[PDB]
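Asks: let me give you the complex in parts, starting here:
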Amino acid sequence: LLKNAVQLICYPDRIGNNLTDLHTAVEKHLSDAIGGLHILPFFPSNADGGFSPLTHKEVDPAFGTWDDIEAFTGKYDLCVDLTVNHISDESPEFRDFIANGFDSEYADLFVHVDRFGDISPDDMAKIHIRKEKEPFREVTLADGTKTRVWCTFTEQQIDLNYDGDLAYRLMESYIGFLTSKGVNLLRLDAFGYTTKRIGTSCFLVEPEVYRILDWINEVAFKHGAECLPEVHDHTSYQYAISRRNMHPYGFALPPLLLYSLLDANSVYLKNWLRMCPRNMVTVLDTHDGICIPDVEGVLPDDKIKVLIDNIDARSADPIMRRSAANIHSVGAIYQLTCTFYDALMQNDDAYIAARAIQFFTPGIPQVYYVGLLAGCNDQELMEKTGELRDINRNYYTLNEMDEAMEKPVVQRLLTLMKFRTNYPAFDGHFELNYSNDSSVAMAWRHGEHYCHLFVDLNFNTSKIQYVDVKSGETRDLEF
């Protein structure tokens, strides 16, 4: 069972310079404001911000050592990524494939396009694409033979074959190793893409997806760990996860609040809270940017287009999903490239109101480090690295964090985080209150402990009244 406390989402080398500077910053500022951390991929990687690991058993020396991770485990929960979809092309398992060919003992670990034979154009159009290329990479073997393997993301990320056995072996080995280092929560990165079957969407293919998911969850349970599957699609998939003793992502909340605050409208927000999946990990911003499909149904389409158009001026080019038309297919707005604070027009009152509502939403709240520091869009960083999502992946030196931590808005956010991590009422049961169509009233009760949020979306006001048990009186939280 995890600690019902705020978690920090952070890179290893983007607060300070390495894992040691990250820990130093946590104890100075967050020592009684968080109960866990999600440390973004810190393995040896050759692409995509750590998400192309050569192995999950080593720490990139540029970041530190395994001892630097275990320094966190003594006091905090530890959430770490398990890239169940893919491993690096420089990994030992895939390098062995290049040398030996199909005779390699790791051959059945990867998805070979040639198993399927001819793939009709109709079956191609079912599959969505995350780059502007067909999801198939042609590699040259050591002996000169050319073959193609499945490749969803950048070409240095080779997808694993969950129709064979080696992939389950490799993941279970990874899981055993990570939990031995104090890992509580396994974020199953890109879990939706593991299920491939020609004639289907090759994404969240039912019921295979539930078999893969029940398997990892069981494997995680021997090793004393729970799972956090990452899926960006219709919220119904979040309920499927929740209903299998796993933690879903509250991905619907970020775009729902952006709308709710911008238009002073609590109707759709209140409806979602009344029925939101339980045991979920709530977020406002992530390392990826605000994802839209996660709010379909939760928010009517016409309001989604309003939301997208409202962020368009404050946001870079969006990340999009495409099909068998890739090059020049426009596609579907997938993620808005924008910090959550710029998405709220840098409105301190509005931003604190979002976090208050997040923290009272049932589930473990994660705060992304840029959001923690009220960071703005990093134009300069995006233009030098070319990575479109780096606009939300600010680098902070120990200097820059201490100064941003003193911003009035960040002091306010740290008051909530202390309150949400420590006050016992959040360990009880959630009771939504009646309110008009422009405000939200949320409360938690655990015995005599009680706290009550009231947010007026017209004026972006945040009020929390809590019961001080040591005196019995009702005080106002100062934030």
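Replies: Sure thing, it's come through. Numbering: from 1, shown residues only, chains lettered A, B, ... in the order given.
Asks: buried residues of the helix or strand harbouring residue A:262, list them for me.
Replies: Per DSSP states H and E, residue A:262 falls inside helix A:253-263. Counting neighbours by 16 or more other Cβ atoms under 10 Å, one finds that the buried residues in helix A:253-263 are A:253-262. Where you see a C-beta, it was placed from the backbone N, CA and C, and this is true even at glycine.
Asks: who's residue A:439 bridged to?
Replies: Residue A:439 has the following beta-bridge partners by DSSP bridges: residue A:456.
Asks: isn't it right next to residue A:455, touching?
Replies: Yes - applying Cβ atoms under 8 Å as the test, residue A:439 and residue A:455 come out as touching, 6.2 Å apart.
Asks: these two: which is more packed in?
Replies: residue A:455 (28 against 18; other Cβ atoms under 10 Å).
Asks: need phi/psi at residue A:444.
Replies: phi -130, psi 140 (degrees, to the nearest 10).
Asks: got a list of what it touches?
Replies: Counting by Cβ atoms under 8 Å, 6 or more residues apart in numbering, residue A:444 makes contact with A:360, A:425-426, A:428-431, A:450-451.
Asks: just the CA trace of stretch A:261-281, in PDB.
Replies: This file holds the C-alpha atoms of stretch A:261-281, laid out as PDB (Å, rounded to 0.1, in the frame of the first residue of the first chain):
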ATOM      1  CA  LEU A 261     -11.300  27.500 -15.000                       C
ATOM      2  CA  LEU A 262     -11.100  29.300 -18.300                       C
ATOM      3  CA  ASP A 263     -14.900  29.400 -18.800                       C
ATOM      4  CA  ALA A 264     -16.100  29.400 -15.100                       C
ATOM      5  CA  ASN A 265     -17.900  26.100 -15.500                       C
ATOM      6  CA  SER A 266     -18.100  23.300 -12.900                       C
ATOM      7  CA  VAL A 267     -20.800  21.200 -14.600                       C
ATOM      8  CA  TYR A 268     -18.500  18.800 -16.500                       C
ATOM      9  CA  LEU A 269     -15.900  18.800 -13.700                       C
ATOM     10  CA  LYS A 270     -18.400  17.900 -11.000                       C
ATOM     11  CA  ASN A 271     -19.900  15.100 -13.100                       C
ATOM     12  CA  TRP A 272     -16.400  13.600 -13.600                       C
ATOM     13  CA  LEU A 273     -15.500  13.800  -9.900                       C
ATOM     14  CA  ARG A 274     -18.800  12.000  -9.000                       C
ATOM     15  CA  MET A 275     -17.800   9.100 -11.200                       C
ATOM     16  CA  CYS A 276     -14.000   9.300 -11.600                       C
ATOM     17  CA  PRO A 277     -12.100   5.900 -11.400                       C
ATOM     18  CA  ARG A 278     -10.700   5.200  -8.000                       C
ATOM     19  CA  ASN A 279      -7.200   4.300  -6.900                       C
ATOM     20  CA  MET A 280      -5.900   6.600  -9.600                       C
ATOM     21  CA  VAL A 281      -2.800   8.800  -9.700                       C
END
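Asks: with the structure above as the base, add chain B:
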Amino acid sequence: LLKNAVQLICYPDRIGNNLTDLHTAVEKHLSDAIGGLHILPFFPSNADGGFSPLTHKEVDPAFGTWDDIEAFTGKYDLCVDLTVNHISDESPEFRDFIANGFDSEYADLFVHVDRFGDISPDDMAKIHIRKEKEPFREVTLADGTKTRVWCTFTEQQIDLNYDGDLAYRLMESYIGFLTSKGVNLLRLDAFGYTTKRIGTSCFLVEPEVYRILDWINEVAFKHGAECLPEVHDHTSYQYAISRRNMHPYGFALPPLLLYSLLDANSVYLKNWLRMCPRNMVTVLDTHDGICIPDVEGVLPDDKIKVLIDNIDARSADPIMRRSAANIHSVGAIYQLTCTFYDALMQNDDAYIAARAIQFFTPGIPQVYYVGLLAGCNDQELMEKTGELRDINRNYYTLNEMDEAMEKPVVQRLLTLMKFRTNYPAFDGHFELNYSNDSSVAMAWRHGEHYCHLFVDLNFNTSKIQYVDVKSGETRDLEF
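Replies: With chain B now in place:
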């Protein structure tokens, strides 16, 4: 009684450098083209382009002296702003409140939020304040006490309390002082917010708003002045003003004409002219930019959206009404930030035709100085000060005005202005003529005097025939 002549809207320091340079500019070019001036707030002020005056009894020395004001009153009518809603926090009256507290003899001059007690969320959301702030400012007294006062606009503008008596006294004193300096027409700035009553919108609350207006109008009439209440809302309020012997604003005309010219459609224009309120002060441009709510009803919503979408490319970011996440919807725009000349695609024929139709609309026509000079959007000025409305508040040096007066289009406007200010037919009765759905025919008749406007909205042509009484023949105005 005012002169039925064209009026000039102008700031003190934006033609030349002060009130003396303004007067120099008027005598050189406009001496027989206008009958009055509306000089925008020229008092000591600390916020919002002059509309936060410390007193109505002083002239900001940066602009000149009261003698510089009276230089106009001998030959021209004088329209001056009376900020009936609010005065500055640096005013003598409010500074006494901070020093002495509620022991101040000026205490009951301001609205104290604690008077109302608890305000329900519904009664807050009803309130018509367009900032994403509660209309409440927390001030610190000299003795350390913190209390809250009503504050509609920027925090340097403290709202006045018309449920007590001190506020009426202060207004009566301001009126006495301003009329003693030769002010004919008191522009009642933002009078709509004078009415505070929890449970209402606190804006144009009926029938209280009309008692405040009947009172000020009587006070003004004693001191030889008429009133021009500023209200930007549904035109029904302009008739209520008209029907209480005060001058309403023709705020419906500017966007009504823009559509009419852009689309070659006179239907909604002729319909409005046939029923437009009496005794109004007609404008095309003001110091604020084209206001949308004022034409709702006057013009169907679908045609307003046509207008809004048509101006979007030629205009800066629009001024928005509260919590409007649908930023391209008639219900979201409050004022379009654009000079009137850029709104007509800098088309001389159309711009003159607009002024002609304005000049034959019943009521006193005001010409804004930028419009007078065929000014274009000042990108540089808006980008230099961050004030979005400064795109319509060009600075002119005396040379730059001498230069603009020689532009062919301004010579044309100057001929129309001479005609509307001097030709006697406008002192008679307005007689709308029949026309097709793409043109307007307007005429004035006063005894033997008669003048007739014809505008073909297809081709932006303006044609005026007048009767020369000293010869009896009908001549064409050359413009």
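Asks: one step back: which residues are contacting the helix holding residue A:262?
Replies: A:265-266, A:268-269, A:272, A:276, A:282-285, A:290-292, A:294-295, A:298-299, A:303-304, A:306-307, A:310-311, A:340, A:343-344, A:347, A:350, A:353-354, A:357-358, A:361, A:440, A:457, A:460, B:323-326 (Cβ atoms under 8 Å, 6 or more residues apart in numbering or on different chains).
Asks: nearest residue to the one residue sitting closest to the centre of chain A other than its sequence neighbours?
Replies: Note on chain A: the residue nearest the mean C-alpha position is residue A:286, at 5.5 Å, using Cα atoms, centre = their mean. Beyond its immediate neighbours in the sequence, the residue positioned closest to residue A:286 (Cβ to Cβ, 6 or more residues apart in numbering or on different chains) is residue A:368, lying 5.9 Å away.
Asks: can you count the residues close to the one you found?
Replies: Applying other Cβ atoms under 10 Å in any protein chain shown, we find 24 residues neighbouring residue A:368.
Asks: tell me what it is bridged to.
Replies: residue A:9.
Asks: which parts of chain A sit against chain B?
Replies: A:259, A:262-265, A:306-307, A:309-310, A:347, A:349-350, A:435-436, A:438-439, A:454, A:456-461 (Cβ under 8 Å from any Cβ of the partner chain).
Asks: quick check: the residue nearest to the centre of chain A is in a strand.
Replies: No - residue state for residue A:286 (DSSP: H, G, I helix; E, B strand; the rest coil) corresponds to coil; a strand is not indicated.
Asks: that one contacts residue A:10, correct?
Replies: No - under the criterion of Cβ under 8 Å, residue A:286 makes no contact with residue A:10, lying 11.4 Å away.
Asks: mutual contacts of the two, please.
Replies: Shared contacts of residue A:286 and residue A:10, defined by Cβ under 8 Å, 6+ apart, are found at residue A:368.
Asks: re earlier: what subset of the residues of chain A next to chain B is buried?
Replies: Using 16 or more other Cβ atoms under 10 Å in any protein chain shown as the burial test, the residues of chain A next to chain B include A:259, A:262-265, A:306-307, A:310, A:347, A:349-350, A:435-436, A:438-439, A:454, A:456-461 as buried.
Asks: okay, strands next: where are they in the stretch 151-300 of chain A?
Replies: Using DSSP state E, counting those that start in this stretch, the strands of the stretch 151-300 of chain A run over residues A:157-159, A:185-188, A:226-229, A:281-283, A:290-291.
Asks: slot chain C in:
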Amino acid sequence: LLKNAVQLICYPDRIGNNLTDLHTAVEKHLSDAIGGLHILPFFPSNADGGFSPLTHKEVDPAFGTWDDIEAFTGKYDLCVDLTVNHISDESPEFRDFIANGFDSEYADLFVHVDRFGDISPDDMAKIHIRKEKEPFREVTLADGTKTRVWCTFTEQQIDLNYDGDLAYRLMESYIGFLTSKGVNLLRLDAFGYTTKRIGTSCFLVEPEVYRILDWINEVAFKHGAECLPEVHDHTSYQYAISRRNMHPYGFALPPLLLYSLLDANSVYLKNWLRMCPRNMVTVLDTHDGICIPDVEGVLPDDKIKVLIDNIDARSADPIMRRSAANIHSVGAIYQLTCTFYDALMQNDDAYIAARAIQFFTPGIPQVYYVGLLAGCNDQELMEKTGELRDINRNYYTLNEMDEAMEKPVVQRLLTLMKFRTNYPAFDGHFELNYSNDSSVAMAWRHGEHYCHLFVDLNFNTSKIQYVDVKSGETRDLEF
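Replies: This next block brings in chain C, placed alongside the chains you saw above:
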């Protein structure tokens, strides 16, 4: 009688530097891929991209000499513009009008506005003019007298008077001179405006328009030439032209295919092909923007708007029809300012599939040179010179053309052009084939010859099977 072969639409000075470089470029690459040329106006001109000729009897020395023109004849058909509506104000015929006044022998060559007497406002609003000014130019005579002449287009273009006799000779003189130089096909520029009658639209006035149009066609037939009247309005006029032994423009095809490919819909396309007027000259791109009114009816309004919204991002500001304030309404756009290659999102497959459907559409296919070279929108050329249509009027040096000819997509188009020009089946009869509502099946048969196109609009695939007479078997055209 013309060659049933692909024609090139090209300027004189925009491939290379003059007509000699054009001849060099044509022979180097197109010598057996086209059977004729449309050389855009190469006369002495002072307005509107060459369409204000002082005479049709001279070649602008900036372009070359008549000998450079005759170098194309004998091997290629020659299509040349005849501006039947208007000639330049610097022309010899009109200057004589300025010098002598109505005493000029060329007086009855032009339309004098005072002839009509008063024109009621309704009779002015009827006039089909796409500018916002009366089509009336006030000229000053040498003797100082002021008179007005009819002027549809720019003021350097004075309209001709087909109520008199002088206009018919001038055309008969022009036609005689042009055909003597080897011109086969006279493009009758803007013929719709030749009919003036107060109380009418002054555009395509029936039955007068056919009285004028049957006349020119015979004068052209007398001199061994056929006619290509250009009119941009409803397609009903295209058949009206077709039924009088003249070549209409397939102006409906370009936006029809754009919709059909973008939305994978062959319904409206097949319907058109089944009934399209023939003996027409088919085009995809022209020297003008993609024209919308020419597809009204052929395509439902809702589907045209689908096209407009899809092109909006890849196109410059569209050319508008008169007083169309609703800038996102089918009835408002006149021409889309866009090269045809950018209109299909630089999709090689989609662009070739469009050209394939064009080449099998009954009628002579013209290929515009920008389309020939798969040119993209020329931002740089448009922002200079201010001409909005220069976004589709790329300049190419001889090197730049040699280079574009090596583009894979241009090699494919160049294969089609050779096939369409040489394979004899196109000289036979057209037979539309059955296909589903998202694909097109077109075939031609002439004796032993047979060729068959199949285009899948879902995937932009192009297949042509033809019967090779040199072997008797059915082969696949490789493109």
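Asks: distance check, the residue nearest to the centre of chain A against chain B.
Replies: Summarising the geometry, the distance separating residue A:286 from chain B, computed by Cβ to the nearest Cβ, to the nearest Å, is 22 Å.
Asks: wait, doesn't that residue sit right on residue A:370?
Replies: No - with contact defined as Cβ under 8 Å, residue A:286 does not count as touching residue A:370 (9.7 Å).
Asks: near chain C, which residues of chain A? Just list them.
Replies: Of all the residues in chain A, those lying near chain C are A:121, A:125, A:324, A:327-328, going by Cβ under 8 Å from any Cβ.
Asks: what's the end-to-end length of stretch A:1-21?
Replies: Separation of the first and last residues of stretch A:1-21 by Cα to Cα, to the nearest Å is 28 Å.
Asks: ditto for stretch A:418-438
Replies: OK, stretch A:418-438 end separation, Cα to Cα: 27 Å.
Asks: list the contacts of stretch A:133-143.
Replies: For stretch A:133-143, the surrounding residues in contact (Cβ under 8 Å, 6+ apart) are A:89, A:98-101, A:113, A:124, A:127, A:129, A:146-152, A:155, A:158-159, A:324, A:326.
Asks: that's a strand at residue A:357, yeah?
Replies: No - when the secondary structure is assigned by three-state DSSP, residue A:357 falls in helix instead of a strand.
Asks: and it, how many residues sit next to it?
Replies: Taking other Cβ under 10 Å as the criterion, the count of residues near residue A:357 is 25.
Asks: cool, residue A:25 as well?
Replies: Using other Cβ under 10 Å, residue A:25 has 20 other residues around it.
Asks: same question for the one 5 residues further on.
Replies: Counted with other Cβ under 10 Å, the neighbours of residue A:30 add up to 21.
Asks: pretty sure it contacts residue A:8?
Replies: Yes - with contact defined as Cβ under 8 Å, residue A:30 reaches residue A:8; the gap is 6.6 Å.
Asks: for chain C, give me its nearest residue in the stretch 51-200 of chain A.
Replies: Distance from chain C to each residue of the stretch 51-200 of chain A (Cβ to the nearest Cβ) is smallest for residue A:121, at 5.2 Å.
Asks: so that residue is in contact with residue A:127, correct?
Replies: No - in this structure residue A:121 lies outside contact range of residue A:127 using Cβ under 8 Å: 11.3 Å.
Asks: who's more crowded, those two?
Replies: Summary of the neighbour comparison: residue A:121 and residue A:127, criterion other Cβ under 10 Å, with residue A:127 having more neighbours (19 against 11).
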